[PDB]
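Take a look at the structure set out below.
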């Protein structure tokens with residue numbers, strides 16, 4: 001089996017042959033991933049329920065961290 005980074009073969013973030021991230025791609029999906037790149041730090045990526053801080057991208061990951 002193959003641990004593919006992209007769910008669909010059409011995702012340009014992966015090398016069609018390896019199904020893994022291609023050169024230049026930092027991510028293939030995620031709230032903080034855009035055009036195969038980590039979104040800029042502080043990008044709002046999740047609206048918190050209640051009066052709590054909205055979550056923002058770190059600039060170093062594709063996931064949207066939970067405010068702490």
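Residue numbers (the authors' numbering): 1 to 68.
From the three backbone atoms N, C-alpha and C, an ideal C-beta is built for every residue, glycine too.
Practice item. Go to residue 45, then tell me how far its beta strand (DSSP E) extends in each direction, as first and last residue. Key: Sequence index remark: in the chain shown, residue 45 carries index 45 (1-based). Its beta strand (DSSP E) spans residues 44 to 46.
Practice item. Just the C-alpha distance for residue 14 and residue 60, rounded to the nearest angstrom, thanks. Key: Taking the chain shown and counting its residues from 1, one reaches residue 14 at position 14. Taking the chain shown and counting its residues from 1, one reaches residue 60 at position 60. Going by the C-alpha atoms only, they are around 19 Å apart.
**Study point:** Close Cβ partners of residue 65 (< 7 Å) along its chain, the five nearest in sequence each way excluded
**Key:** The residue you call residue 65 lines up with position 65 of the chain shown. Once the five neighbours on either side are set aside, the close Cβ partners of residue 65 are 55 and 58.
**Study point:** Chain-order list of residues whose beta-carbon lies under 7 Å from that of residue 46 (same chain, five-residue window excluded)
**Key:** Indexing the chain shown from 1 puts residue 46 at position 46. 31, 54, 55 and 64.
Practice item. Below 6 Å CB to CB, which residues in the same chain sit around residue 39 once its five sequence neighbours on both sides are set aside? Key: In the chain shown, the residue the question calls residue 39 occupies position 39. Residues of the same chain with a CB within less than 6 Å of the CB of residue 39, apart from the 5 flanking positions on each side, are 32 and 57 in chain order.
Check your understanding: Can you tell which of 67, 24 and 35 has its C-alpha closest to the C-alpha of residue 120?
Key -> Not covered by the structure: residue 120. The range shown for the chain is 1 to 68.
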